[PDB]
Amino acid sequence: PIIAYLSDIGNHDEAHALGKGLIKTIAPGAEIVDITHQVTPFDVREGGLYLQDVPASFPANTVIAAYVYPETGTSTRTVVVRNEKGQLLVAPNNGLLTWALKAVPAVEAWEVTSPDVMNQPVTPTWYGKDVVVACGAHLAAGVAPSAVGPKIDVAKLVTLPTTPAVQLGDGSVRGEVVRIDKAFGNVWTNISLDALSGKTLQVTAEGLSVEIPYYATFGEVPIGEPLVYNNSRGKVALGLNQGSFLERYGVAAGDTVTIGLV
């Protein structure tokens, strides 16, 4: 069994590793694979976006244990979700799993109430470790999901709002910068390729209007010059060959962007 592990606690001190110690105590045979622990502090949306493509990439016998949990020690509970692939996801019921479940939908869910899957005495400021990680490790060790607490309708899993890309009427699409690919400065939108229907495109945002060609990969434009492309996760992206589209055009996550032909 594999536990895929994400938090916003950072990798710069022992905290994230104390969770790993707990995993090994409960499930010594579980293989721990970090997703990241560098989610922006308290940023449930950034964390959930990071989780979107994890289900498709990991084996079906994976437990995804993930928390960005500024609600720790409150009425906000942790949930377990079995998705269509056979994976189990454990997380605060705060919208963290919105995109992972869009990608690979939930078939059953449960609320985590049983102390026998918790690390007691649970500390109020770290439910991330003592409820989420603890329960993920019990699932990895073979505890049945239904033994964590009551079933709950898939419909009661909290979701955060997602802005659809909208076709405007002439052929251009008004959408949104979903995230920055921060290592490189590439800009990832929510605009699907099949929504625009070796052509060129007009791209519009508050800062500017530029004409940019479409290519399959960075190297099909000269160093420093821009391209629109289809990114690894199926959506329209903006970049510069071996440069930072973020720094040059100052785009930001959440900025409305409008894209259309010629």
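Residues carry their position along the shown sequence, with the first being 1.
**Prompt:** According to the entry, are there none, 1 to 3, 4 to 9, or 10 or more residues of the deposited sequence without coordinates between residue 232 and residue 233?
**Reply:** Nothing is missing between them.
**Prompt:** When the C-alpha temperature factors are averaged for each of 158-166 and 80-88, which stretch ends up with the higher value in the entry?
**Reply:** Averaged over C-alpha atoms, the B-factors run higher in 158-166.
**Segment of higher mean CA temperature factor, 244-252 or 15-23** = Per the PDB entry, the higher value belongs to 244-252.
**Prompt:** According to the deposited entry, which of 186, 192, 72, 123 has the largest Cα B-factor?
**Reply:** That would be 192, according to the entry.
**Message:** Looking at 129, 179, 138, 151, which one carries the largest C-alpha B-factor according to the PDB entry?
**Reply:** So the option with the highest C-alpha B-factor is 151.
**CA B-factor ranking of residue 209, expressed as a third of its chain** = Its C-alpha B-factor, which the entry lists for residue 209, ranks in the highest third among residues of this chain.
**Asked** Lowest, middle or highest third: where is residue 198 by Cα B-factor in its chain?
**Response** Tercile = highest for this residue's CA B-factor.
**Chain-wide C-alpha B factor ranking for residue 31, given as lowest, middle or highest third** = Middle third of the chain for residue 31's C-alpha B-factor.
**Request:** Quick one: classify residue 173 as lowest, middle or highest third of the chain based on its Cα B-factor.
**Result:** Highest third, going by the recorded CA B-factors of the chain.
**Request:** Pull the Cα B-factor of residue 219 out of the PDB entry and bin it into the chain's lowest, middle or highest third.
**Result:** For residue 219, whose C-alpha B-factor we compare with every modelled residue in the chain, the answer is the middle third.
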